[PDB]
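J.: The file below is my_file_18.cif, mmCIF, C-alpha atoms:
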data_work
#
loop_
_atom_site.label_atom_id
_atom_site.label_comp_id
_atom_site.auth_asym_id
_atom_site.auth_seq_id
_atom_site.Cartn_x
_atom_site.Cartn_y
_atom_site.Cartn_z
CA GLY D 1 139.87 97.05 35.99
CA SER D 2 138.49 95.18 39.00
CA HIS D 3 136.11 96.74 41.53
CA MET D 4 136.27 100.54 41.29
CA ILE D 5 136.47 102.92 44.24
CA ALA D 6 132.84 103.94 43.69
CA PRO D 7 132.66 107.67 44.60
CA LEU D 8 129.81 108.36 47.03
CA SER D 9 127.49 111.30 46.38
CA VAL D 10 127.64 112.18 50.08
CA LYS D 11 131.28 113.25 50.01
CA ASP D 12 133.30 115.28 47.53
CA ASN D 13 137.08 114.93 47.68
CA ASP D 14 139.21 113.86 44.73
CA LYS D 15 139.98 117.14 42.99
CA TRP D 16 140.51 116.17 39.36
CA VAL D 17 142.43 119.15 37.96
CA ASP D 18 145.70 120.39 36.47
CA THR D 19 148.58 122.39 37.97
CA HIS D 20 152.12 123.75 37.63
CA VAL D 21 155.53 122.71 38.96
CA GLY D 22 156.35 122.94 42.66
CA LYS D 23 153.14 124.91 43.06
CA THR D 24 153.13 124.49 46.84
CA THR D 25 149.46 123.74 47.45
CA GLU D 26 148.82 124.36 51.12
CA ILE D 27 145.78 122.64 52.58
CA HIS D 28 144.73 123.28 56.17
CA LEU D 29 142.40 120.38 56.84
CA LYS D 30 140.38 120.17 60.04
CA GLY D 31 139.36 117.16 62.07
CA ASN D 32 140.11 115.66 65.47
CA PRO D 33 143.26 113.55 66.15
CA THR D 34 141.36 112.26 69.19
CA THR D 35 138.60 110.70 67.08
CA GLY D 36 140.39 107.64 65.75
CA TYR D 37 141.21 108.39 62.11
CA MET D 38 143.89 110.56 60.54
CA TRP D 39 144.21 112.83 57.54
CA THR D 40 147.37 111.83 55.72
CA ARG D 41 148.54 110.22 52.46
CA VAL D 42 147.37 106.64 51.91
CA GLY D 43 150.17 104.08 51.92
CA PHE D 44 152.15 106.42 54.16
CA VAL D 45 149.79 106.41 57.13
CA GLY D 46 152.17 106.13 60.07
CA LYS D 47 155.37 106.81 58.15
CA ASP D 48 157.50 109.93 58.60
CA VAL D 49 157.24 111.20 55.03
CA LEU D 50 154.27 110.84 52.71
CA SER D 51 155.83 112.33 49.58
CA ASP D 52 158.53 110.53 47.58
CA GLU D 53 159.72 111.64 44.14
CA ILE D 54 156.55 112.57 42.25
CA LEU D 55 154.75 115.03 44.51
CA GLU D 56 156.85 116.78 47.16
CA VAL D 57 154.03 116.46 49.67
CA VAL D 58 155.54 118.31 52.61
CA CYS D 59 152.80 117.54 55.09
CA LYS D 60 152.89 118.24 58.81
CA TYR D 61 150.33 116.75 61.15
CA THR D 62 149.87 119.40 63.84
CA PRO D 63 147.80 118.25 66.86
CA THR D 64 148.10 121.59 68.67
CA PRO D 65 146.43 121.59 72.14
CA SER D 66 143.23 123.45 73.05
CA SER D 67 142.95 127.21 73.48
CA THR D 68 143.88 127.62 77.15
CA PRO D 69 143.66 124.05 78.61
CA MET D 70 145.41 120.92 77.36
CA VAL D 71 142.54 118.44 77.34
CA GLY D 72 142.47 118.58 73.56
CA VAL D 73 145.58 117.76 71.55
CA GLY D 74 143.71 118.34 68.30
CA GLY D 75 144.92 120.54 65.48
CA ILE D 76 144.84 120.22 61.70
CA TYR D 77 146.62 118.70 58.72
CA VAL D 78 148.94 121.04 56.80
CA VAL D 79 149.66 119.48 53.42
CA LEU D 80 152.10 121.13 51.00
CA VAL D 81 151.96 119.41 47.63
CA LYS D 82 154.86 120.55 45.45
CA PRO D 83 154.78 118.94 41.96
CA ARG D 84 158.34 117.62 41.73
CA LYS D 85 157.85 116.28 38.21
CA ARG D 86 155.65 117.17 35.24
CA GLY D 87 152.79 114.87 34.25
CA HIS D 88 149.95 113.05 35.97
CA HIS D 89 150.38 113.59 39.70
CA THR D 90 147.92 113.30 42.59
CA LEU D 91 147.76 113.85 46.35
CA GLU D 92 146.22 110.71 47.79
CA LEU D 93 144.92 111.93 51.15
CA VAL D 94 142.73 109.51 53.07
CA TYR D 95 141.01 109.43 56.47
CA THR D 96 142.32 106.26 58.15
CA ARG D 97 143.06 104.96 61.64
CA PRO D 98 146.89 104.60 61.92
CA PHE D 99 146.18 102.49 65.00
CA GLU D 100 143.93 100.02 63.17
CA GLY D 101 144.43 100.42 59.43
CA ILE D 102 143.12 101.88 56.21
CA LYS D 103 139.82 100.83 54.65
CA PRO D 104 137.61 101.78 51.65
CA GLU D 105 134.75 102.87 53.91
CA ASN D 106 137.12 105.68 54.94
CA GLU D 107 136.89 109.27 53.72
CA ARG D 108 138.91 110.48 50.74
CA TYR D 109 140.75 113.58 49.50
CA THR D 110 142.74 112.88 46.34
CA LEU D 111 143.90 116.27 45.07
CA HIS D 112 144.49 115.31 41.45
CA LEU D 113 146.92 117.50 39.54
CA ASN D 114 147.65 116.98 35.85
CA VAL D 115 150.93 118.85 36.20
CA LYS D 116 151.63 120.44 32.82
#
Just give me the structure as structure tokens.
T.:
Amino acid sequence: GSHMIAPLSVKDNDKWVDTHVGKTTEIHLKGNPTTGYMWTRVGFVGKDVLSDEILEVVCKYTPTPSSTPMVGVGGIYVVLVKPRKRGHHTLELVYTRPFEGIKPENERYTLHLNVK
């Protein structure tokens, strides 16, 4: 109860909703790995695995090259959130710079899932 996240009205992310078990929720997020930030799970930015025991977040950061050339190693962010347990789970996906660090001024994408 100290200093909230304060959701901006210029960006809609955190999906406050329910779900089922192991309901593999695939999310093909777009962006640009060559911009500076990254679309992964907060607190795991840089690690090998984002998930743990709660949400089987099988995410794969694919920076596939351009169409024909190779001057663009930018792809997407494939996130597979499989509710391992039943209860209050959430996919904390944030837009941070693995090179620098994570900050509040960064984008958000918390796919909330009140796994029944």
J.: Can you list what the PyMOL selection byres ((chain D and resi 19-27) around 9) grabs from this structure, as number ranges by chain?
T.: D: 17-18, 28-29, 55-59, 77-86, 112-116
J.: To one decimal place, how far is atom CA of residue 95 of chain D from atom CA of residue 4 of chain D in Å?
T.: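 Atom-to-atom, atom CA of residue 95 of chain D to atom CA of residue 4 of chain D, that is 18.2 Å.
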J.: Please write as a ChimeraX atom specification the list of polymer residues whose atoms come within 12 Å of (137.3, 102.5, 46.2), counting all atoms listed in the file and keeping to the coordinates of the file.
T.: /D:1-8,14,94,102-108,110
J.: How would you write, as number ranges by chain, the residues chosen by the PyMOL selection byres ((chain D and resi 61-71) around 12) on this structure?
T.: D: 27-35, 38-41, 45-50, 58-60, 72-80
J.: Mind giving me the straight-line distance from atom CA of residue 96 of chain D to atom CA of residue 111 of chain D in Å, one decimal?
T.: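 Atom-to-atom, atom CA of residue 96 of chain D to atom CA of residue 111 of chain D, that is 16.5 Å.
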